[PDB]
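What follows is a short report on a single structure.
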Amino acid sequence: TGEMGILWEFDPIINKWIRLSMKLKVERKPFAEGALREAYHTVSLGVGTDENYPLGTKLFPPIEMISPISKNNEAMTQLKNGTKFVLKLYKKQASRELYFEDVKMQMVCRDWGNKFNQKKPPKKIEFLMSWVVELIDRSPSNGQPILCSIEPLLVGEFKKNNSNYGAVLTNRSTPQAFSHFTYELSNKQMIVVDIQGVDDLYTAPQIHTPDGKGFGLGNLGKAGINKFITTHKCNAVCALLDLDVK
Ligand SMILES: Nc1ncnc2c1ncn2[C@@H]1O[C@H](COP(=O)(O)OP(=O)(O)OP(=O)(O)O)[C@@H](O)[C@H]1O
Ligand SMILES: [Mg+2]
Ligand SMILES: [Zn+2]
């Protein structure tokens, strides 16, 4: 039929994780890849609760960060039986903490997207949902259990607009103005880069902060922030949004 998984959704507004179960069927070979990961077509065979699966503490995320109730979640509708979606694995290592940190990062970016839209720019944006999944049916050699992340399938022409280290790859205005927006309105505590997806539906972003801690692998601290600065040229969207040219 398919394999079981423990599914984790993060909800920023309560600052907690929701723990569920699902069953899934994953193609054998990847359809795409980048420098970090490989992506696999997958189909959903249903979402359920985690009651059969002892949490068994030792714990990460810790008990105080987990919601005792899970009846409200996006997974129920976005990953219902029959859905096509995408599963990602890291290229040849890693860490339990890492996967949870990537999903948390994408959720933070979704919040940034809604903040940008509230300003009424000419084009509105959206980041996809992302989820952590423990592939419990698969064998552990260093005793490491198998983990991954999953997200919806984007239909259409996928394009990368900027990288995590200073490259500007297309002419569009919206993706570069959004990056600038997050740097200025966060009081330079943070910036969102690696803006990529179909039209303005984006996924797999990267965040840099000054002290370089947190937010997984592509966080290049002060060095990444500086690279974005060097190549940025503000556009009509930067201006409509009243951002500083400096
Ligand atoms: N949700 C999605 N739907 C369709 N295709 C996708 C999706 N996510 C990723 N891809 C494709 O898979 C490729 C690799 O995925 P992803 O970008 O997450 O890996 P990566 O190694 O982190 O890349 P990057 O260097 O951009 O961080 C993407 O460039 C894109 O072609
Ligand atoms: Mg990519
Ligand atoms: Zn600008």
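Ligands are numbered from 1 in the order shown, chains are lettered A, B, ... in the order of the structure tokens, and residues start at 1 in each chain.
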Next on the checklist: Using DSSP assignments from the backbone, pull out every residue in segment 2-244 of chain A that falls under strand (DSSP E) and give it to me as a PyMOL selection string.
Outcome noted: chain A and resi 3-11+16-26+32-33+37-49+84-90+126-127+131-134+147-152+158-160+191-193+196-198+201-202+206-208
For ligand 3, collect every residue having any atom at a distance of at most 9 Å from a ligand atom (counting only C-alpha atoms and all ligand atoms); output as a tab-separated table (two decimals) with N, CA and C atoms, in the first residue's frame.
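The result, stored in pocket10.tsv:
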```
chain	number	residue	atom	x	y	z
A	176	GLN	N	12.83	40.93	-5.47
A	176	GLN	CA	13.94	41.69	-4.87
A	176	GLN	C	13.47	42.71	-3.83
A	177	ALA	N	12.29	43.27	-4.06
A	177	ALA	CA	11.68	44.22	-3.13
A	177	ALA	C	11.24	43.54	-1.83
A	178	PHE	N	10.78	42.29	-1.95
A	178	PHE	CA	10.40	41.53	-0.76
A	178	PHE	C	11.62	41.29	0.12
A	179	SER	N	12.72	40.83	-0.47
A	179	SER	CA	13.95	40.67	0.30
A	179	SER	C	14.32	41.93	1.07
A	180	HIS	N	14.41	43.06	0.36
A	180	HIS	CA	14.74	44.35	0.97
A	180	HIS	C	13.77	44.68	2.13
A	181	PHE	N	12.48	44.54	1.85
A	181	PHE	CA	11.42	44.70	2.86
A	181	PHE	C	11.73	43.97	4.20
A	232	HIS	N	22.07	44.72	-4.66
A	232	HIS	CA	20.67	45.15	-4.70
A	232	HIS	C	20.47	46.53	-5.33
A	233	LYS	N	19.54	46.61	-6.27
A	233	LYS	CA	19.13	47.88	-6.85
A	233	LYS	C	17.61	48.03	-6.66
A	234	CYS	N	17.18	49.07	-5.96
A	234	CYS	CA	15.76	49.16	-5.66
A	234	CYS	C	14.98	49.52	-6.92
A	235	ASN	N	13.72	49.11	-6.95
A	235	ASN	CA	12.91	49.20	-8.16
A	235	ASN	C	11.63	49.95	-7.83
A	236	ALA	N	10.64	49.88	-8.71
A	236	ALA	CA	9.41	50.63	-8.50
A	236	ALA	C	8.63	50.08	-7.31
A	237	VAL	N	8.84	48.81	-6.99
A	237	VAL	CA	8.17	48.22	-5.83
A	237	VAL	C	8.84	48.67	-4.52
A	238	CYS	N	10.17	48.69	-4.49
A	238	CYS	CA	10.89	49.31	-3.37
A	238	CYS	C	10.34	50.73	-3.12
A	239	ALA	N	10.17	51.51	-4.19
A	239	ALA	CA	9.67	52.89	-4.07
A	239	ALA	C	8.21	52.98	-3.60
A	243	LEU	N	10.70	52.24	0.89
A	243	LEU	CA	11.92	51.74	1.54
A	243	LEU	C	13.10	52.67	1.28
A	244	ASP	N	14.09	52.64	2.17
A	244	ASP	CA	15.27	53.50	2.06
A	244	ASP	C	16.23	53.03	0.96
A	245	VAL	N	16.62	53.94	0.07
A	245	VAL	CA	17.62	53.60	-0.96
A	245	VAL	C	18.99	53.27	-0.37
A	246	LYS	N	19.26	53.74	0.85
A	246	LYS	CA	20.54	53.46	1.50
A	246	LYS	C	20.71	51.99	1.90
```
Checklist entry - Which residues form the shell of 7 Å around ligand 1 when you count only C-alpha atoms and all ligand atoms, given as a list in words? => result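 Those within range of ligand 1 are residues 32, 33, 34, 35, 36, 37, 38, 39, 86, 151, 152, 153, 154, 155, 158, 194, 203 and 204 of chain A.
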Item to check | Spatial neighbours of segment 225-227 of chain A, 8 Å, only C-alpha atoms, chain gap at least 5 places, as an MDAnalysis selection string | outcome: chainID A and resid 165:166 191 208:210 220
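If you look at atom CA of residue 40 of chain A and atom CA of residue 87 of chain A, they are 5.1 Å away from each other.
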Per residue of segment 80-162 of chain A within 10 Å of segment 54-66 of chain A, record the nearest atom pair and its distance in Å to one decimal, counting only C-alpha atoms, with rows in chain order and ascending residue number, as CSV.
```
residue,atom,partner,partner_atom,distance
A:96,CA,A:60,CA,7.9
A:97,CA,A:60,CA,7.5
A:100,CA,A:61,CA,8.2
```
Got time to write the residues from that selection, C-alpha atoms, as an mmCIF file, in the first residue's frame?
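Result file follows (result37.cif):
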```cif
data_model
loop_
_atom_site.group_PDB
_atom_site.id
_atom_site.type_symbol
_atom_site.label_atom_id
_atom_site.label_comp_id
_atom_site.auth_asym_id
_atom_site.auth_seq_id
_atom_site.Cartn_x
_atom_site.Cartn_y
_atom_site.Cartn_z
ATOM 1 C CA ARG A 96 17.372 15.689 14.073
ATOM 2 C CA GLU A 97 17.329 19.384 14.945
ATOM 3 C CA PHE A 100 12.671 20.907 12.405
#
```
Checklist entry - For ligand 2, which of A:230, A:171, A:164, A:189 is the closest residue, counting only C-alpha atoms and all ligand atoms? => result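 Among the listed residues, A:164 lies closest to ligand 2.
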Next on the checklist: Report, in Å with one decimal, the straight-line distance from atom CA of residue 106 of chain A to atom CA of residue 202 of chain A.
Outcome noted: 9.9 Å
Item to check | Nearest-residue call for ligand 2, choices A:42, A:186, A:174, A:163, using only C-alpha atoms and all ligand atoms | outcome: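 Counting only C-alpha atoms and all ligand atoms, the residue closest to ligand 2 is A:163.
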Checklist entry - Which residues come within 12 Å of residue 48 of chain A, counting only C-alpha atoms, excluding same-chain residues fewer than 2 positions away, as a PyMOL selection string? => result chain A and resi 4-8+18-24+44-46+50-53+70-73+75-77+79-81
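Residue nearest ligand 2 within the list A:198, A:133, A:185, A:105: A:198 [criterion: smallest interatomic distance, only C-alpha atoms and all ligand atoms].
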